[PDB]
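Below: one structure, written as structure tokens.
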Amino acid sequence: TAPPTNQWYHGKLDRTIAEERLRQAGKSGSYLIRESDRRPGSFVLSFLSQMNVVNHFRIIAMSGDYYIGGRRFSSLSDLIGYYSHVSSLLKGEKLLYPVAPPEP
Amino acid sequence: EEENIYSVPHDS
């Protein structure tokens, strides 16, 4: 289980706007996924931590799968599910609140 | 331009 793509995918988005969108949300645990403008075709999980620091994690898409760290997921839904319910993304912190783009 | 720095999850 994970929210639908329209609820958290922003397309190609630079880090500055990504952080602004998360700080407009303003809640620790807010997250989004974006295509990197600097490394096109690869993705980024952007996450607002309990310390009001946005953390950015690369997600590499290969063969219709997604890799973050050394971990393989078959869908972004499965990746979000894993870091929402199964494993901490940061020490003591999981994905909580999907942030949707102001435009779909 | 200098690239931004990315993090790795706690479990990796």
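Identifiers for the structure tokens are assigned positionally: chains receive A, B, ... in sequence, residues are indexed from 1 per chain, and ligands are indexed from 1 in the order shown.
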Q: Can you check which residues of chain B have any atom within 7 Å of chain A? Use only C-alpha atoms and format it as a ChimeraX atom specification.
A: /B:6-10,12
(Q) From a backbone DSSP assignment, name each residue in chain A labelled alpha helix (DSSP H), as JSON, numbers by chain. (A) {"A": [15, 16, 17, 18, 19, 20, 21, 22, 23, 24, 25, 76, 77, 78, 79, 80, 81]}
Restricting it to N, CA, C and O atoms, dump the selection as a compact mmCIF listing (two decimals), in the first residue's frame.
# COMPACT_ATOMS: atom_id res chain seq x y z
N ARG A 15 15.98 21.15 -7.10
CA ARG A 15 16.00 20.99 -5.65
C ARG A 15 15.37 22.19 -4.94
O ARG A 15 14.68 22.03 -3.93
N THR A 16 15.58 23.39 -5.46
CA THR A 16 15.08 24.59 -4.79
C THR A 16 13.56 24.57 -4.71
O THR A 16 12.97 24.86 -3.65
N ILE A 17 12.89 24.24 -5.81
CA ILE A 17 11.43 24.22 -5.79
C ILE A 17 10.93 23.04 -4.98
O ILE A 17 9.93 23.13 -4.27
N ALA A 18 11.65 21.91 -5.06
CA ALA A 18 11.26 20.75 -4.27
C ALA A 18 11.23 21.10 -2.78
O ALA A 18 10.25 20.80 -2.08
N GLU A 19 12.29 21.75 -2.29
CA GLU A 19 12.33 22.12 -0.88
C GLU A 19 11.25 23.14 -0.55
O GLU A 19 10.62 23.06 0.51
N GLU A 20 10.99 24.09 -1.46
CA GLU A 20 9.91 25.03 -1.20
C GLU A 20 8.58 24.31 -1.07
O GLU A 20 7.78 24.62 -0.18
N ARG A 21 8.30 23.35 -1.96
CA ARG A 21 7.04 22.61 -1.87
C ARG A 21 6.94 21.85 -0.55
O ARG A 21 5.88 21.84 0.08
N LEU A 22 8.05 21.27 -0.08
CA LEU A 22 7.97 20.57 1.20
C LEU A 22 7.81 21.54 2.36
O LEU A 22 7.11 21.24 3.34
N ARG A 23 8.43 22.73 2.30
CA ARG A 23 8.29 23.63 3.43
C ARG A 23 6.94 24.33 3.43
O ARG A 23 6.48 24.76 4.49
N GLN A 24 6.29 24.43 2.27
CA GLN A 24 4.89 24.86 2.25
C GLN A 24 4.00 23.85 2.96
O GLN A 24 3.07 24.23 3.68
N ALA A 25 4.27 22.56 2.76
CA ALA A 25 3.60 21.53 3.55
C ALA A 25 3.89 21.72 5.03
O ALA A 25 2.98 21.75 5.86
N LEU A 76 7.71 2.39 -7.69
CA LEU A 76 7.80 3.47 -6.71
C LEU A 76 6.78 3.27 -5.59
O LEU A 76 7.05 3.61 -4.44
N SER A 77 5.60 2.71 -5.91
CA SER A 77 4.64 2.36 -4.86
C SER A 77 5.28 1.45 -3.81
O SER A 77 5.13 1.68 -2.60
N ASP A 78 6.02 0.43 -4.24
CA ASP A 78 6.65 -0.48 -3.29
C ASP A 78 7.74 0.22 -2.48
O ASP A 78 7.91 -0.06 -1.29
N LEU A 79 8.50 1.11 -3.13
CA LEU A 79 9.53 1.87 -2.43
C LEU A 79 8.92 2.74 -1.35
O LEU A 79 9.39 2.76 -0.20
N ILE A 80 7.89 3.50 -1.70
CA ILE A 80 7.24 4.34 -0.70
C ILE A 80 6.64 3.49 0.41
O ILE A 80 6.73 3.83 1.59
N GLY A 81 6.03 2.35 0.05
CA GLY A 81 5.49 1.48 1.07
C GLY A 81 6.55 1.02 2.05
O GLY A 81 6.33 0.99 3.27
Q: Go through A:9, A:47, A:73, A:82 one by one, measure the shortest atom-to-atom distance of each to residue 35 in chain A using only C-alpha atoms, and give the residue with the smallest value.
A: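 Nearest candidate to residue 35 in chain A out of A:9, A:47, A:73, A:82: A:9.
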Q: Find the residues near residue 6 in chain A: any atom within 9 Å, counting only C-alpha atoms, skip ones fewer than 2 places away on the same chain, and give them as a list in words.
A: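 Contacts, with the query itself left out: residues 3, 4, 8, 9, 10, 100, 101 and 104 of chain A.
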Q: Please measure the separation of CA of residue 50 in chain A and CA of residue 29 in chain A, giving the value in Å to one decimal.
A: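 So the answer is 7.1 Å.
Coordinates place CA of residue 43 in chain A at a distance of 13.2 Å from CA of residue 31 in chain A.
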